[PDB]
Structures are given as structure tokens and as C-alpha cells.
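Numbering (the entry's author numbering), first residue to last: 1 to 27. Backbone N, C-alpha and C define an ideal beta-carbon position, used for all residues, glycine too. Read the structure below first, then the notes.
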Amino acid sequence: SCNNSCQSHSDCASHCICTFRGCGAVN
């Protein structure tokens, strides 16, 4: 569901967090 590339933390889609896959939801 979460697929992106963050530059900070809120640089994600929705409930995604900063991870090795750019942006991915922890939950």
C-alpha cells in the first residue's frame, strides 16, 4: 500500500514511515 520515497518523515503517502523502501507503513 505504501510505496514512495521520503526526504524527512511526513514525505510519505499517508501512514508510511521512512524506510529502506522509501516510504512504507509500519502498521
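- In the three-state reduction of the DSSP assignment, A25 falls in the strand class.
- The three-state reading of DSSP puts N4 in strand, counting E and B together.
- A25 and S8 have their C-alpha atoms roughly 14 Å apart.
- If you look at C16, you'll find it in the beta strand (DSSP E) that goes 16-19.
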